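Okay, so we've got a single protein chain in two different forms coming up as structure tokens, structure 1 first and structure 2 after it.
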Structure 1
């Protein structure tokens, strides 16, 4: 795969169809599980451990499906979907490096939610700091993640683990 350093929504929708990193590369979920609109930065080095960095964004609009049901009369972005974005981005990064296989989340260490995303927000930002990539029969990525809303840190996740499997 010809690495680019950023991707548009159309690139991400192509990823969901299996048409961004070739058929053997991992796919992102399609909407409504896709939790990013764009990938704004991707590097092989950098990040807190100098072993890789990804940054992505999601535009916030009161018409997003999850505001209507979580909860009725009390809209908030589900924390689980922010966490999924982070798993999605780890898997995407494994694909970007050239890993082949189906993407699967394997787990996470500590997650802390300390603030919320309301429908009046502009933009959620995801930051992923890679710690290790294991290239074995299972390809696995290990990272820490952060979720910010309009510049304000609101979620953290230690030891996100995603793999690509045959």
Structure 2
């Protein structure tokens, strides 16, 4: 895969279609499960553990689908979706490294939500710090993640774990 340092909305839409990393690489979900608008920085070193880093962003506007149903009369972005954006990124990175197989979130250690994303926010930032990568014949990625809303750290997640599966029926 020709690694780029950044990807645009159109690159992420292609990803979901299987065009970015090709037919044997992982895919990101398509709207409305896609939780990022852009990947601004990807590096194989750096990050808190110096073993990789990814930063992505989601632009907030009052019309985003999830605000209307969550909750009626009390709009707030579901923390589960911000968490999913982090699993989505770990899987995207494994494919960026050239890993083959479809992505599947395997788990996460501690997750703490200390604030919320309201429809008046402007931007959500996702920062992923890779701890361990097993790109052997068993691709797995381990990482810590952070979610910031307009620069304020609101969610942390330790040990996000994602694996790539050549044959998904074995899951």
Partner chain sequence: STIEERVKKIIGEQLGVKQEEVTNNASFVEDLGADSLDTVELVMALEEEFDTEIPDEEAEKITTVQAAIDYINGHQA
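Residue numbers count along the first chain shown, from 1. Superpose the two forms; the largest set of C-alphas matching within 1.5 Å is the rigid core.
Shown as structure 1 is the form solved in complex with its partner chain, with the alternative form given as structure 2. For residue 136, the CA shift between structure 1 and structure 2 after superposing the rigid core equals 3.1 Å. Once the core of the two forms is superposed, the Cα of residue 113 has moved 0.2 Å between structure 1 and structure 2.
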